[PDB]
Amino acid sequence: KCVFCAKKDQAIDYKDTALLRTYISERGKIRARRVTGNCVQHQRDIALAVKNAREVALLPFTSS
Amino acid sequence: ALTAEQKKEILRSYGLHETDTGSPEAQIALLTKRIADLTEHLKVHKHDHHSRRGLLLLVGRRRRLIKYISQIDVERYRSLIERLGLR
Amino acid sequence: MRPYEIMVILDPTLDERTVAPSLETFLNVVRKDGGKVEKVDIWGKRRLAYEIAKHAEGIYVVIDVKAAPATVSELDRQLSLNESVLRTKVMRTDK
Amino acid sequence: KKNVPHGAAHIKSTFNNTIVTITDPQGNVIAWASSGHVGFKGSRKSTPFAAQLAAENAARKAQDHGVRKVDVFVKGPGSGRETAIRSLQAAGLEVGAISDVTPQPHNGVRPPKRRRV
Amino acid sequence: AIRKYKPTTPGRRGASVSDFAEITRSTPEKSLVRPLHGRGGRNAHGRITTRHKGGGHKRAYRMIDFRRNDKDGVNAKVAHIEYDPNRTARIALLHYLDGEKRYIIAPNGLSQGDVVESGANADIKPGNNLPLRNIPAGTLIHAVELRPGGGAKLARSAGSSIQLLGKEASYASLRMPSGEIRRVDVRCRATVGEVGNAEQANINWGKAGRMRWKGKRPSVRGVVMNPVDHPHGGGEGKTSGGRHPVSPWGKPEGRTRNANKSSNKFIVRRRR
RNA sequence: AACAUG
RNA sequence: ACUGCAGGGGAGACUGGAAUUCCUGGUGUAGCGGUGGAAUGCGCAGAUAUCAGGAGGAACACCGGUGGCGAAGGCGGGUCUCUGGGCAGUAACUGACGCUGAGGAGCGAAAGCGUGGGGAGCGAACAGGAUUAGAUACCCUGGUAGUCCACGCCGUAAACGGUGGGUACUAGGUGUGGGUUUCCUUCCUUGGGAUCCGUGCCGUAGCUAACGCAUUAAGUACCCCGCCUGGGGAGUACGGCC
Ligand SMILES: [Mg+2]
Ligand SMILES: [Mg+2]
Ligand SMILES: [Mg+2]
Ligand SMILES: [Mg+2]
Ligand SMILES: [Mg+2]
Ligand SMILES: [Mg+2]
Ligand SMILES: [Mg+2]
Ligand SMILES: [Mg+2]
Ligand SMILES: [Mg+2]
Ligand SMILES: [Mg+2]
Ligand SMILES: [Mg+2]
Ligand SMILES: [Mg+2]
Ligand SMILES: [Mg+2]
Ligand SMILES: [Mg+2]
Ligand SMILES: [Mg+2]
Ligand SMILES: [Mg+2]
Ligand SMILES: [Mg+2]
Ligand SMILES: [Mg+2]
Ligand SMILES: [Mg+2]
Ligand SMILES: [Mg+2]
Ligand SMILES: [Mg+2]
Ligand SMILES: [Mg+2]
Ligand SMILES: [Mg+2]
Ligand SMILES: [Mg+2]
Ligand SMILES: [Mg+2]
Ligand SMILES: [Mg+2]
Ligand SMILES: [Mg+2]
Ligand SMILES: [Mg+2]
Ligand SMILES: [Mg+2]
Ligand SMILES: [Mg+2]
Ligand SMILES: [Mg+2]
Ligand SMILES: [Mg+2]
Ligand SMILES: [Zn+2]
């Protein structure tokens with residue numbers, strides 16, 4: 001049900017600004033855990049990647 | 001701290017027979033290293049109270065191992081004080 | 001010698017002929033201390049997601065260094081002082 | 001004595017009042033007639049009928065400067081917020097795209113204390 | 001680094017002193033010393049133009065390098081950190097690699113043995129002197145010159161610094177230590193960092209005679225003089241001065257800066 | 001809005 | 001000890017974007033603000049609105065939950081540096097080295113105190129406006145200390161799960177956090193089972209004055225400590241200690 005737990009050894013990366021376009025919303029906000037099906041540990045690893053991508057200007061902090 | 005090889009040189013000087021890890025000589029000598037390594041942690045960072053509390057736990061554990069070796073063989077107690085330090 | 005990954009955003013009014021020779025002066029201070037450099041991938045121009053320091057474009061450089069911690073913190077101090085560098089991001093790559 | 005064919009219509013709408021300003025796409029104000037400009041005083045300014053009179057008064061005063069089409073940027077938690085958009089349409093404008101530009105702090109500054117009313 | 005005395009005498013009850021822990025070599029460098037003498041407040045006419053001056057310990061002048069124009073690229077080594085009676089900061093003796101001795105104001109964090117660069121290719125380290133064109137914005141600097149080539153004038157007391165706000169075309173915007181926003185030329189030079197000895201404002205001098213050692217001679221209030229002496233003099237008991245407060249020469253309080261002084265074009269904002 | 005007391 | 005694993009546990013340094021306010025400039029004209037309703041107030045000397053630039057401070061939207069970590073107080077922007085504890089497996093080593101702990105010591109929200117910084121917003125005190133018989137209040141407009149930081153002092157909270165620590169046992173059902181291991185292991189399904197450590201809901205025996213608790217006990221038991229002895233007077237006086 002979780003993509004990262006099923007498909008093993010897939011790198012959740014702050015560089016990879018194309019994996020992180022899914023798992024964010026149209027305003028730019030981090031999606032909820034119960035709508036992406038992630039576990040606790042990969043939702044942690046997604047949100048840190050989004051916070052690090054926003055600070056290297058690969059993702060906007062907010063964008064209507 | 002205390003990487004997996006950094007504890008090996010302490011065990012070669014204070015372990016009894018080439019595989020000893022649990023004797024009062026080995027456990028005090030590893031605690032004396034961590035107490036030393038963490039009091040120089042606490043000369044920078046004078047307000048790290050959470051780390052300093054973990055030092056009082058090692059002091060309490062080292063003092064109980066010192067008391068056990070002095071109840072069972074006082075001559076092992078005298079040499080271990082000389083090789084590491086008391087007061 | 002810990003494996004680090006330094007991401008550098010460069011000013012877009014530079015030229016791509018002098019991106020790699022310019023930062024070679026920065027990377028030579030890593031090599032004096034026993035440091036190791038592996039991958040100096042240059043992404044080139046890319047549209048920034050927001051306007052950093054009145055610029056909309058910028059050159060992304062990934063350093064991929066492996067050195068002592070005292071020398072990597074020495075490096076990005078010299079990178080932020082350089083006026084061509086807009087941002088610097090240092091991350092460890094192991095666990 | 002100007003001519004600007006396409007502009008922007010900013011609508012601020014609070015619990016007390018509504019201000020309807022019309023600008024160019026660079027943010028230079030053409031006309032601004034708000035809800036207390038039309039004769040209203042006190043809590044009558046926050047009614048939706050006071051909002052739609054302000055949206056007419058700013059629209060037909062902007063058409064004297066040749067404005068034919070506006071973009072709408074609304075903000076604020078007011079109920080005179082959709083009676084204003086449906087009053088720029090029924091005054092001779094084409095309202096285009098509608099955006100919410102309400103400011104949202106990222107746990108920023110401290111709000112005032114809650115009212116023991 | 002403020003040693004407090006113990007209350008052994010009534011004159012040392014609240015008193016304190018520097019710890020002097022920063023100082024190496026208690027004696028000065030003999031070739032860089034010029035003599036001084038006191039004045040007691042007197043000008044060339046022999047009359048007191050500045051009151052409350054005189055007495056004081058004997059002093060010698062240490063030649064400070066406030067120019068630092070002629071060693072762009074010759075590095076120096078901090079040899080000693082010495083006491084200077086003529087100022088509130090400490091001074092650092094520099095041993096340049098060519099063979100010349102100099103004194104500069106010691107910045108915060110320029111301990112003995114550190115290397116000090118100069119010129120347009122120096123590093124942004126505490127003690128290096130650069131033109132303002134080569135210093136990035138937001139940097140705390142000290143010993144800044146007003147005109148190019150003129151010598152350091154601004155922010156050079158102990159603990160004081162200027163924040164470099166921005167540079168537009170030919171002018172840098174500075175925040176001076178009073179909150180004054182001044183605009184100066186970008187070819188002006190400045191030393192990177194902040195002036196050391198920043199704890200000396202907290203020294204409680206304990207007794208009257210300890211300030212007599214420093215050259216400060218007593219100060220009589222105007223309200224206990226006679227009306228021929230001061231405009232606040234007079235009265236039969238003690239008063240407030242029977243008028244709005246003035247100087248001993250009858251001038252009122254208020255702004256004494258020239259309202260059309262030539263440097264008004266360079267001041268962005270007055271202090272707060 | 002509003003309103004105490006026995 | 002070794003091998004892994006999860007984590008807002010802590011301290012230091014650097015650093016990011018949103019918003020509030022102020023400053024400068026443009027556009028612009030007469031209102032804005034506030035409430036149950038108003039007024040004080042701000043503005044017409046160019047406010048509010050709006051766009052661009054700049055300075056500064058404080059808190060970190062989304063993730064975020066019923067979830068995690070910490071002895072408790074507490075802990076969530078990012079990165080780096082230093083550092084503390086826990087869990088599981090292996091059973092390699094030591095050989096009862098344990099538990100509790102009067103006194104003592106250390107840590108200990110917020111307010112407050114000292115010295116020195118900093119001060120956007122908020123906001124005791126204070127001031128005006130309203131309401132009212134009055135209004136030393138609630139509501140509105142302003143607004144100082146304080147809230148922030150560095151270093152010390154203070155040692156109190158409905159500091160609470162109103163439940164001191166250790167240990168052993170005594171039906172299950174059902175979510176969730178961290179591991180380990182088994183049959184068709186890919187039956188893709190990351191499903192069921194077993195087991196170890198948490199954290200919730202229900203529920204049996206038993207306990208309880210009742211409400212309720214119920215394998216995370218307030219059940220059945222053993223070890224040690226703190227405390228209670230009608231309500232007021234009173235956690236006060238007097239003496240001492242800080
Ligand atoms: Mg992870
Ligand atoms: Mg003469
Ligand atoms: Mg005087
Ligand atoms: Mg007299
Ligand atoms: Mg006179
Ligand atoms: Mg008199
Ligand atoms: Mg009298
Ligand atoms: Mg942490
Ligand atoms: Mg902003
Ligand atoms: Mg301000
Ligand atoms: Mg404005
Ligand atoms: Mg953080
Ligand atoms: Mg045996
Ligand atoms: Mg105990
Ligand atoms: Mg006790
Ligand atoms: Mg304390
Ligand atoms: Mg406090
Ligand atoms: Mg204080
Ligand atoms: Mg103060
Ligand atoms: Mg009042
Ligand atoms: Mg108030
Ligand atoms: Mg007070
Ligand atoms: Mg601190
Ligand atoms: Mg609490
Ligand atoms: Mg109690
Ligand atoms: Mg018990
Ligand atoms: Mg359980
Ligand atoms: Mg229950
Ligand atoms: Mg009971
Ligand atoms: Mg009694
Ligand atoms: Mg008492
Ligand atoms: Mg007493
Ligand atoms: Zn997962």
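Chain naming here is simple, since letters A, B, ... match the order of the sequence lines and numbering starts at 1 in each.
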query = Hey, does the side chain of B:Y68 come within less than 4.0 Å of G:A96's phosphate (OP1/OP2), counting only N and O?
reply = yes
inquiry  = Just verifying a value: how many Å separate B:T32 OG1 and B:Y14 OH, rounded to the nearest 0.5 Å?
reply    = 8.0 Å
ask   = Between G:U220 and G:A168, is there a Watson-Crick or G-U wobble pair with both distances below 3.5 Å?
value = yes
message = Taking the basic N atoms (NZ, or NE/NH1/NH2) and the acidic carboxylate oxygens, is any pair closer than 4.0 Å for B:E25 and B:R76?
response = yes
message = Please give the distance between the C1' atoms of G:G178 and G:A88 as a whole number of Å.
response = 9 Å
request  = Tell me what D:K75 touches on the nucleic acid: a base, only sugar-phosphate, or nothing, going by heavy atoms under 4.0 Å.
outcome  = sugar-phosphate
query = Does any N or O donor sit under 3.5 Å from an N or O acceptor when you compare the side chain of A:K51 with the base of G:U79?
reply = no
Base orientation of G:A127, syn vs anti, 90° cut from 0 = anti
request  = Using the six-membered ring wherever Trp is involved, compare the ring planes of A:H42 and A:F4 and label them parallel, tilted or perpendicular (cut-offs 30° and 60°).
outcome  = parallel
ask   = If you look at every strand shown and take non-hydrogen atoms under 4.0 Å, does A:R27 touch a base, only sugar-phosphate, or nothing?
value = nothing
request  = Could you tell me whether the side chain of A:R54 has a donor or acceptor atom within less than 3.5 Å of a complementary atom in the base of G:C62?
outcome  = yes
request  = Assign D:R116 to base, sugar-phosphate, or nothing according to its heavy-atom contacts below 4.0 angstrom with the strands shown.
outcome  = sugar-phosphate
ask   = Can you tell me if D:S87 uses its side chain to pair, donor with acceptor, with the backbone of D:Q52 under 3.5 Å?
value = yes
inquiry  = Categorize A:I24 for me: base, sugar-phosphate, or nothing, with a 4.0 angstrom heavy-atom threshold over every strand shown.
reply    = nothing
message = Under 4.0 Å, heavy atoms only, any strand: does B:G22 hit a base, just the sugar-phosphate, or nothing?
response = base
message = Within the 4.0 Å heavy-atom criterion, would you say D:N17 contacts the bases, only the backbone, or no part of the nucleic acid?
response = sugar-phosphate
message = Classify D:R44 by what it touches in the nucleic acid, base, sugar-phosphate, or nothing, heavy-atom distance under 4.0 Å.
response = nothing
ask   = Using a cut-off of 4.0 Å on non-hydrogen atoms, how would the nucleic acid contact of D:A31 be classed: base, sugar-phosphate, or nothing?
value = nothing
ask   = Base, sugar-phosphate alone, or nothing: which one does B:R52 contact when heavy atoms must sit under 4.0 Å apart?
value = nothing
query = Is G:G89 in the syn range, within 90° of 0, or in the anti range?
reply = anti
request  = Classify the nucleic acid contact of D:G42 as base, sugar-phosphate or nothing, counting any heavy atom under 4.0 Å across all strands shown.
outcome  = base
inquiry  = According to a cutoff of under 5.5 Å between the ring centres and under 30° between the ring planes, does B:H50 stack with the base of G:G10?
reply    = no
request  = Could you tell me whether B:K33 atom NZ has more than 12 heavy atoms of other residues or ligands within 6.0 Å of it?
outcome  = no
query = Pick one for G:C149: is it syn, with its angle within 90° of 0, or anti?
reply = anti
request  = Name the nucleic acid region contacted by C:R92, choosing base, sugar-phosphate or nothing; use a 4.0 angstrom heavy-atom cut-off, strictly under.
outcome  = sugar-phosphate
Sugar geometry class by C1'-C2'-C3'-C4' for G:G76 = north
task = Decide, yes or no, whether a salt bridge links D:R81 with D:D100 under the criterion of side-chain N to carboxylate O below 4.0 Å.
result = yes
message = So D:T21, base contact, sugar-phosphate only, or nothing? Heavy-atom distance under 4.0 Å.
response = sugar-phosphate
